[PDB]
(Lines of atoms letter the chains of each structure in order from A and count residues from 1; the text may use other names and numbers.)
(Lines give C-alpha, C1' and ligand atoms only; values in the text may rest on other atoms or scores of the structure.)
Protein backbone atom coordinates (compact mmCIF):
# COMPACT_ATOMS: atom_id res chain seq x y z
CA UNK A 1 0.00 0.00 0.00
CA UNK A 2 3.06 2.29 -0.25
CA UNK A 3 1.90 5.12 -2.52
CA UNK A 4 5.49 6.40 -2.42
CA UNK A 5 7.38 4.25 -4.93
CA UNK A 6 4.18 2.93 -6.54
CA UNK A 7 4.37 2.93 -10.34
CA UNK A 8 2.17 1.90 -13.28
CA UNK A 9 2.05 -1.89 -12.77
CA UNK A 10 -0.91 -4.21 -12.49
CA UNK A 11 -2.30 -4.91 -9.02
CA UNK A 12 -5.41 -6.92 -8.25
CA UNK A 13 -8.03 -4.59 -6.75
CA UNK A 14 -11.15 -5.86 -4.99
CA UNK A 15 -13.82 -5.67 -7.66
CA UNK A 16 -14.42 -5.28 -11.39
CA UNK A 17 -17.52 -4.31 -13.35
CA UNK A 18 -18.72 -7.02 -15.78
CA UNK A 19 -21.55 -6.94 -18.34
CA UNK A 20 -22.64 -9.37 -21.05
CA UNK A 21 -24.17 -8.60 -24.43
CA UNK A 22 -26.32 -11.17 -26.13
CA UNK A 23 -29.32 -11.47 -28.39
CA UNK A 24 -29.10 -7.75 -29.12
CA UNK A 25 -28.93 -6.13 -25.68
CA UNK A 26 -26.62 -5.43 -22.73
CA UNK A 27 -27.50 -6.88 -19.32
CA UNK A 28 -27.71 -5.03 -16.00
CA UNK A 29 -24.04 -5.74 -15.35
CA UNK A 30 -22.50 -6.59 -11.99
CA UNK A 31 -19.45 -6.32 -9.74
CA UNK A 32 -17.18 -9.34 -9.36
CA UNK A 33 -13.94 -10.33 -7.67
CA UNK A 34 -12.92 -12.83 -10.38
CA UNK A 35 -10.32 -10.69 -12.26
CA UNK A 36 -10.23 -13.70 -14.60
CA UNK A 37 -11.88 -13.61 -18.01
CA UNK A 38 -13.35 -16.77 -19.54
CA UNK A 39 -14.21 -17.07 -23.23
CA UNK A 40 -14.71 -19.63 -25.99
CA UNK A 41 -11.47 -20.81 -27.61
CA UNK A 42 -12.67 -19.45 -30.92
CA UNK A 43 -13.41 -16.07 -29.45
CA UNK A 44 -13.18 -13.27 -31.96
CA UNK A 45 -11.18 -11.25 -29.41
CA UNK A 46 -8.38 -13.84 -29.28
CA UNK A 47 -8.08 -14.44 -33.03
CA UNK A 48 -9.37 -11.41 -34.91
CA UNK A 49 -8.56 -8.52 -32.61
CA UNK A 50 -12.21 -7.62 -32.05
CA UNK A 51 -11.30 -5.70 -28.89
CA UNK A 52 -11.10 -2.04 -27.84
CA UNK A 53 -10.46 -0.14 -24.63
CA UNK A 54 -10.31 3.18 -22.83
CA UNK A 55 -8.26 4.67 -20.02
CA UNK A 56 -9.08 7.39 -17.50
CA UNK A 57 -8.09 8.42 -13.99
CA UNK A 58 -9.90 9.18 -10.75
CA UNK A 59 -8.20 11.47 -8.24
CA UNK A 60 -8.53 12.26 -4.53
CA UNK A 61 -8.84 16.03 -4.02
CA UNK A 62 -7.61 18.15 -1.13
CA UNK A 63 -11.13 18.80 0.17
CA UNK A 64 -11.65 15.04 0.39
CA UNK A 65 -13.84 14.67 -2.69
CA UNK A 66 -13.03 12.53 -5.74
CA UNK A 67 -12.58 13.67 -9.33
CA UNK A 68 -13.30 11.63 -12.46
CA UNK A 69 -11.79 13.36 -15.50
CA UNK A 70 -14.07 13.90 -18.53
CA UNK A 71 -15.51 10.33 -18.38
CA UNK A 72 -17.99 11.40 -21.00
CA UNK A 73 -15.18 12.02 -23.52
CA UNK A 74 -13.98 8.43 -23.14
CA UNK A 75 -17.53 7.12 -23.53
CA UNK A 76 -17.86 9.01 -26.81
CA UNK A 77 -14.50 7.72 -28.08
CA UNK A 78 -15.14 4.10 -27.11
CA UNK A 79 -18.39 4.34 -29.03
CA UNK A 80 -16.32 5.16 -32.13
CA UNK A 81 -13.84 2.36 -31.41
CA UNK A 82 -16.72 -0.11 -31.15
CA UNK A 83 -18.18 1.39 -34.32
CA UNK A 84 -15.04 0.69 -36.31
CA UNK A 85 -14.99 -2.90 -35.10
CA UNK A 86 -18.69 -3.74 -35.41
CA UNK A 87 -19.20 -4.08 -31.64
CA UNK A 88 -22.30 -2.89 -29.76
CA UNK A 89 -22.00 0.61 -28.29
CA UNK A 90 -22.28 1.79 -24.68
CA UNK A 91 -24.09 4.97 -23.72
CA UNK A 92 -22.53 7.65 -21.51
CA UNK A 93 -25.11 6.40 -19.03
CA UNK A 94 -23.76 2.84 -18.83
CA UNK A 95 -20.09 3.74 -19.36
CA UNK A 96 -19.82 6.45 -16.69
CA UNK A 97 -21.98 4.41 -14.32
CA UNK A 98 -19.65 1.42 -14.50
CA UNK A 99 -16.62 3.64 -13.89
CA UNK A 100 -18.38 5.16 -10.89
CA UNK A 101 -19.35 1.81 -9.41
CA UNK A 102 -15.77 0.64 -9.67
CA UNK A 103 -14.19 3.75 -8.18
CA UNK A 104 -16.55 3.60 -5.17
CA UNK A 105 -16.10 -0.12 -4.54
CA UNK A 106 -12.31 0.27 -4.64
CA UNK A 107 -12.07 3.69 -3.00
CA UNK A 108 -9.56 2.19 -0.56
CA UNK A 109 -7.09 2.08 -3.43
CA UNK A 110 -7.39 5.76 -4.36
CA UNK A 111 -3.97 7.21 -3.44
CA UNK A 112 -4.31 9.82 -0.64
CA UNK A 113 -3.93 13.45 -1.63
CA UNK A 114 -0.32 14.61 -1.56
CA UNK A 115 1.32 11.77 -3.46
CA UNK A 116 0.88 12.54 -7.15
CA UNK A 117 -0.82 9.19 -7.72
CA UNK A 118 -4.32 8.21 -8.89
CA UNK A 119 -6.70 5.34 -9.61
CA UNK A 120 -6.43 4.05 -13.19
CA UNK A 121 -9.61 2.72 -14.83
CA UNK A 122 -9.38 0.26 -17.72
CA UNK A 123 -12.79 -0.03 -19.44
CA UNK A 124 -12.90 -2.45 -22.37
CA UNK A 125 -15.05 -4.45 -24.79
CA UNK A 126 -14.25 -7.77 -26.48
CA UNK A 127 -15.99 -10.23 -28.80
CA UNK A 128 -16.81 -13.66 -27.42
CA UNK A 129 -18.69 -16.86 -28.08
CA UNK A 130 -18.06 -19.86 -30.29
CA UNK A 131 -16.64 -18.98 -33.73
CA UNK A 132 -14.08 -19.66 -36.51
CA UNK A 133 -15.13 -17.52 -39.42
CA UNK A 134 -13.98 -13.96 -39.95
CA UNK A 135 -17.07 -12.09 -38.77
CA UNK A 136 -18.27 -10.14 -35.74
CA UNK A 137 -18.75 -12.16 -32.53
CA UNK A 138 -22.27 -13.35 -31.55
CA UNK A 139 -21.58 -12.13 -28.03
CA UNK A 140 -19.55 -9.41 -26.29
CA UNK A 141 -18.17 -8.58 -22.84
CA UNK A 142 -17.81 -5.14 -21.28
CA UNK A 143 -15.58 -4.79 -18.23
CA UNK A 144 -13.97 -2.12 -16.10
CA UNK A 145 -11.22 -2.74 -13.59
CA UNK A 146 -8.91 -0.37 -11.78
CA UNK A 147 -5.37 -0.40 -10.52
CA UNK A 148 -3.76 2.19 -8.21
CA UNK A 149 -0.86 3.88 -9.98
CA UNK A 150 1.72 6.27 -8.60
CA UNK A 151 3.26 9.52 -9.83
CA UNK A 152 4.63 8.99 -13.34
CA UNK A 153 7.41 11.49 -12.72
CA UNK A 154 8.79 10.36 -9.37
CA UNK A 155 11.04 13.40 -9.67
CA UNK A 156 9.33 16.03 -11.82
CA UNK A 157 8.74 16.79 -15.50
CA UNK A 158 11.89 15.06 -16.70
CA UNK A 159 12.22 15.20 -20.52
CA UNK A 160 13.09 12.16 -22.64
CA UNK A 161 13.99 11.56 -26.28
CA UNK A 162 12.17 9.85 -29.13
CA UNK A 163 13.25 8.39 -32.46
CA UNK A 164 11.68 7.99 -35.91
CA UNK A 165 10.74 4.59 -37.35
CA UNK A 166 10.09 3.02 -40.75
CA UNK A 167 7.31 0.90 -39.24
CA UNK A 168 3.66 1.93 -39.11
CA UNK A 169 1.24 1.53 -36.19
CA UNK A 170 -1.76 2.25 -38.41
CA UNK A 171 -2.63 2.29 -42.10
CA UNK A 172 -3.82 5.56 -43.70
CA UNK A 173 -7.40 4.34 -43.50
CA UNK A 174 -7.09 1.64 -40.87
CA UNK A 175 -8.01 1.61 -37.18
CA UNK A 176 -5.66 4.41 -36.17
CA UNK A 177 -8.46 6.70 -34.96
CA UNK A 178 -9.87 3.84 -32.85
CA UNK A 179 -8.29 2.62 -29.61
CA UNK A 180 -8.06 -1.02 -30.66
CA UNK A 181 -5.52 -3.69 -29.76
CA UNK A 182 -4.36 -4.13 -33.33
CA UNK A 183 -2.63 -0.73 -33.29
CA UNK A 184 -0.64 -1.50 -30.16
CA UNK A 185 0.50 -4.92 -31.37
CA UNK A 186 1.86 -3.24 -34.50
CA UNK A 187 3.85 -0.74 -32.42
CA UNK A 188 5.15 -3.42 -30.10
CA UNK A 189 8.21 -4.37 -32.19
CA UNK A 190 9.27 -0.84 -33.19
CA UNK A 191 8.76 0.18 -29.57
CA UNK A 192 11.15 -2.56 -28.40
CA UNK A 193 13.86 -1.36 -30.78
CA UNK A 194 13.52 2.26 -29.66
CA UNK A 195 13.71 1.46 -25.95
CA UNK A 196 16.66 -0.83 -26.68
CA UNK A 197 18.59 1.96 -28.41
CA UNK A 198 17.99 3.97 -25.23
CA UNK A 199 15.01 6.13 -26.23
CA UNK A 200 11.68 6.78 -24.52
CA UNK A 201 9.68 5.46 -27.43
CA UNK A 202 9.14 6.16 -31.11
CA UNK A 203 7.38 8.83 -33.15
CA UNK A 204 5.36 7.52 -36.08
CA UNK A 205 5.40 9.84 -39.07
CA UNK A 206 2.44 8.97 -41.30
CA UNK A 207 1.38 5.92 -43.35
CA UNK A 208 1.15 7.47 -46.82
CA UNK A 209 4.55 9.17 -46.94
CA UNK A 210 6.66 9.66 -43.84
CA UNK A 211 6.89 13.46 -43.96
CA UNK A 212 4.47 14.73 -41.29
CA UNK A 213 4.39 13.70 -37.62
CA UNK A 214 1.48 11.54 -36.39
CA UNK A 215 1.76 10.32 -32.81
CA UNK A 216 4.61 9.79 -30.38
CA UNK A 217 3.98 6.15 -29.58
CA UNK A 218 1.10 5.67 -27.14
CA UNK A 219 0.43 9.41 -26.70
CA UNK A 220 -0.28 12.51 -28.85
CA UNK A 221 2.33 15.06 -29.94
CA UNK A 222 2.36 18.86 -29.74
CA UNK A 223 4.81 21.71 -30.23
CA UNK A 224 5.03 25.34 -29.13
CA UNK A 225 6.38 27.72 -31.80
CA UNK A 226 9.64 29.67 -31.39
CA UNK A 227 7.85 32.88 -30.41
CA UNK A 228 6.19 30.73 -27.74
CA UNK A 229 2.71 31.92 -28.72
CA UNK A 230 1.22 29.20 -30.98
CA UNK A 231 0.28 25.66 -29.88
CA UNK A 232 0.51 23.01 -32.64
CA UNK A 233 -0.77 19.43 -32.88
CA UNK A 234 -1.00 17.19 -35.95
CA UNK A 235 -4.38 16.65 -37.58
CA UNK A 236 -4.98 13.32 -39.33
CA UNK A 237 -7.60 10.56 -39.74
CA UNK A 238 -5.06 7.93 -38.65
CA UNK A 239 -4.16 9.23 -35.18
CA UNK A 240 -5.98 8.67 -31.92
CA UNK A 241 -8.05 11.65 -30.74
CA UNK A 242 -6.26 12.18 -27.42
CA UNK A 243 -8.59 13.51 -24.75
CA UNK A 244 -5.51 15.03 -23.10
CA UNK A 245 -4.49 16.60 -26.39
CA UNK A 246 -7.91 18.20 -26.84
CA UNK A 247 -7.90 19.37 -23.23
CA UNK A 248 -4.41 20.83 -23.67
CA UNK A 249 -5.79 22.35 -26.83
CA UNK A 250 -8.41 24.08 -24.71
CA UNK A 251 -6.16 25.15 -21.83
CA UNK A 252 -3.87 26.87 -24.31
CA UNK A 253 -6.55 29.13 -25.77
CA UNK A 254 -8.76 29.78 -22.72
CA UNK A 255 -6.11 29.83 -19.97
CA UNK A 256 -2.84 30.86 -21.65
CA UNK A 257 -4.00 33.29 -24.33
CA UNK A 258 -1.97 31.29 -26.85
CA UNK A 259 -2.56 30.80 -30.55
CA UNK A 260 -3.75 27.30 -31.42
CA UNK A 261 -3.56 25.26 -34.61
CA UNK A 262 -4.35 21.71 -35.74
CA UNK A 263 -2.33 20.99 -38.84
CA UNK A 264 0.75 19.36 -40.35
CA UNK A 265 4.07 19.11 -38.53
CA UNK A 266 6.74 18.02 -41.02
CA UNK A 267 9.84 16.31 -39.55
CA UNK A 268 11.88 18.62 -41.77
CA UNK A 269 11.14 21.82 -39.89
CA UNK A 270 11.40 20.93 -36.19
CA UNK A 271 13.54 24.02 -35.57
CA UNK A 272 10.32 25.93 -36.10
CA UNK A 273 9.34 25.23 -32.48
CA UNK A 274 10.87 26.16 -29.14
CA UNK A 275 9.58 23.12 -27.26
CA UNK A 276 7.68 19.89 -27.92
CA UNK A 277 5.79 17.26 -25.97
CA UNK A 278 3.80 14.04 -25.89
CA UNK A 279 0.50 13.98 -23.98
CA UNK A 280 -1.80 11.25 -22.70
CA UNK A 281 -3.69 9.99 -19.63
CA UNK A 282 -0.71 8.01 -18.32
CA UNK A 283 1.90 10.23 -19.95
CA UNK A 284 0.28 13.55 -18.98
CA UNK A 285 2.70 15.49 -21.15
CA UNK A 286 6.16 14.00 -21.54
CA UNK A 287 8.53 16.83 -22.47
CA UNK A 288 10.46 15.93 -25.63
CA UNK A 289 14.16 16.64 -25.09
CA UNK A 290 14.97 15.81 -28.70
CA UNK A 291 13.96 13.78 -31.74
CA UNK A 292 16.30 11.43 -33.61
CA UNK A 293 15.49 11.22 -37.33
CA UNK A 294 18.10 9.61 -39.54
CA UNK A 295 21.71 10.47 -38.71
CA UNK A 296 20.89 13.71 -36.91
CA UNK A 297 19.52 14.52 -33.47
CA UNK A 298 17.46 17.65 -32.80
CA UNK A 299 16.83 19.28 -29.45
CA UNK A 300 14.11 21.91 -29.04
CA UNK A 301 14.65 23.75 -25.75
CA UNK A 302 16.58 21.46 -23.43
CA UNK A 303 17.25 17.78 -22.87
CA UNK A 304 16.98 17.91 -19.07
CA UNK A 305 14.55 20.82 -18.69
CA UNK A 306 10.90 21.28 -19.80
CA UNK A 307 10.15 24.49 -21.62
CA UNK A 308 8.02 27.17 -19.84
CA UNK A 309 4.83 26.88 -21.88
CA UNK A 310 5.03 23.11 -21.50
CA UNK A 311 5.37 23.36 -17.73
CA UNK A 312 2.44 25.78 -17.59
CA UNK A 313 0.27 23.40 -19.57
CA UNK A 314 1.38 20.56 -17.31
CA UNK A 315 0.53 22.43 -14.12
CA UNK A 316 -2.81 23.78 -15.36
CA UNK A 317 -4.13 20.35 -16.31
CA UNK A 318 -2.81 18.63 -13.18
CA UNK A 319 -4.45 21.45 -11.28
CA UNK A 320 -7.84 20.79 -12.80
CA UNK A 321 -7.41 17.04 -12.37
CA UNK A 322 -6.77 17.25 -8.63
CA UNK A 323 -9.02 20.24 -8.02
CA UNK A 324 -6.38 22.77 -7.02
CA UNK A 325 -7.68 24.86 -9.91
CA UNK A 326 -11.15 25.74 -11.16
CA UNK A 327 -12.31 23.03 -13.50
CA UNK A 328 -13.80 24.07 -16.87
CA UNK A 329 -17.56 23.69 -17.41
CA UNK A 330 -18.23 20.05 -18.20
CA UNK A 331 -14.94 18.37 -17.34
CA UNK A 332 -14.54 16.60 -14.01
CA UNK A 333 -17.36 14.51 -12.47
CA UNK A 334 -17.66 14.09 -8.67
CA UNK A 335 -17.74 10.50 -7.39
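Positions refer to the first chain, counted from 1.
- Annotation for 248-256 versus 170-178: the higher mean temperature factor (C-alpha) is found in 248-256.
- Relative to one another, 40-48 and 284-292 have unequal mean CA B-factors, and 284-292 is the one with the higher figure.
- Considering 308, 277, 29, 55 together, the PDB entry gives 308 the largest C-alpha B factor.
- Of the residues listed, 200, 232, 90, 119, the entry assigns the biggest Cα temperature factor to 200.
- Among the modelled residues of the chain, residue 302 sits in the highest third by CA temperature factor in this PDB entry.
- When the modelled residues of the chain are ordered by their C-alpha B factor, residue 83 lands in the lowest third.
- Per the PDB record, residue ranking by Cα B-factor puts residue 226 in the highest third of the chain.
- Annotation for residue 161: CA B-factor lies in the middle third of the chain's modelled residues.
- Residue 123 sits in the lowest third of its chain by CA B factor, as recorded in the PDB entry.
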